[PDB]
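[1] structural data only, the sequence is not supplied:
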């Protein structure tokens, strides 16, 4: 499910944010902007509580997940909090096993081919290219050859100027979270609306 949902919505937002209240008030601004995919990164305090309290957006059409989930306990809290897909910055075999057994979509972070191949051998063909700011669209374009069945989600370093540049290389959905979360909820929504339309058109 989550795979085609990503390929359809073509953007996911990670919330580099402060306290639960501001995280909640900022996860609405992006939703009204059209970014229906939202990740509550555990760097915010009590992201489990944020997801539990904000599950009301599920009915409206938001897709809430957990980002920067480093540990299996954090994966627990994310699943029992109602998040429908866990995201990690690195590759974690035990987290990927728990996600596999609980049917929770998981896209770990792989920067280099020797991590990408391990990810493939664990069964994930949708991967988080972290950090995009370091690798570039060149990594995706050059790795499209040897591994054409792996499709990337470049989180970090994606902004207005080059988002469809990353899209012209074969990614599903950028993972922008500081050029679409840094501001007040009246301009966060404005950036989301001007950022989910350039993705659509370019």
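    Perfect, I can see it now. Numbering: from 1, shown residues only.
[2] what sits opposite the nearest residue to residue 3 once chain neighbours are set aside in the beta ladder?
    Nearest non-adjacent residue to residue 3, counting by C-beta to C-beta, 6 or more residues apart in numbering: residue 126, 5.9 Å away. The way it works is simple: take the backbone N, C-alpha and C, and place the C-beta from them, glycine included. Beta bridges link residue 126 to residue 151 when assigned by DSSP bridges.
[3] ok, now which ones touch residue 126?
    3, 6, 107, 150, 151, 153, 172 (C-beta atoms under 8 Å, 6 or more residues apart in numbering).
[4] biggest separation within these, which pair?
    6 and 150 (13.9 Å; C-beta to C-beta).
[5] so which of these two has more stuff around it?
    residue 6 (22 against 19; other C-beta atoms under 10 Å).
[6] show me where the protein has helices.
    With helices called from DSSP state H, the chain shows them at 2-9, 20-33, 47-54, 56-60, 72-80, 93-102, 113-122, 132-135, 137-143, 163-167, 185-200.
[7] will you turn those helices into CSV that also has distance to residue 87?
    Listed next are the helices of the chain as CSV, based on distance: least, C-beta to C-beta, whole Å:
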stretch, distance to residue 87
helix 2-9, 11
helix 20-33, 15
helix 47-54, 12
helix 56-60, 17
helix 72-80, 9
helix 93-102, 10
helix 113-122, 13
helix 132-135, 14
helix 137-143, 18
helix 163-167, 17
helix 185-200, 19
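[8] ok, which of those helices comes nearest residue 66?
    Smallest distance to residue 66 across the helices of the chain (C-beta to C-beta): 3.6 Å, for helix 72-80.
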